[PDB]
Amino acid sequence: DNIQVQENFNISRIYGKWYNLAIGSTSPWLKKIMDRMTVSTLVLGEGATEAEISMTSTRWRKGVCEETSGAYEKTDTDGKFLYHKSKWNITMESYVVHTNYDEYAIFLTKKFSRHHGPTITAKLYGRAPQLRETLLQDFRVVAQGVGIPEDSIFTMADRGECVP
């Protein structure tokens, strides 16, 4: 199951703050800990170079509020990004599969392995912490569409944002 970006993807309009609201994955590990996950925040912006997109993600992982900063590279395909550190053995591609910029975005991430085929992870983001069931429904057909089982899709509890 091969993956297409949102048409006419407009990168400057994806910048700013988002809330992770729903998640699914083919990963077994994620399925066990997909419950214990709550609403996280993602900030996106222009990178150090023109060829990067900077990003910061803030989460509850057990006790601590984690603030994770990373940087993806743009590719030749608008709305498709790459994070690659070969030495660490890490290769992930993520795709903005659908977004209307000012309300929601749906990301699909492929994380690659030497030992099995990629983990496919789907994340739904809102510009607001609040869901809207009808979006959740579409998010499900998107995730199932790329092979994420009915189970393995979870909605996240909103427990607010956290300074670390």
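Heads up: residue numbers just count along the shown sequence, starting at 1.
Once the C-alpha B-factors are averaged per stretch, 152 to 160 and 9 to 17 rank with 152 to 160 first.
Relative to one another, 30 to 38 and 102 to 110 have unequal mean CA B-factors, and 30 to 38 is the one with the higher figure. When the C-alpha B-factors of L124, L131, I120, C65 are ranked from the entry, the top spot goes to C65. Among the modelled residues of its chain, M92 has a C-alpha B-factor that falls in the lowest third, as given in the PDB entry.
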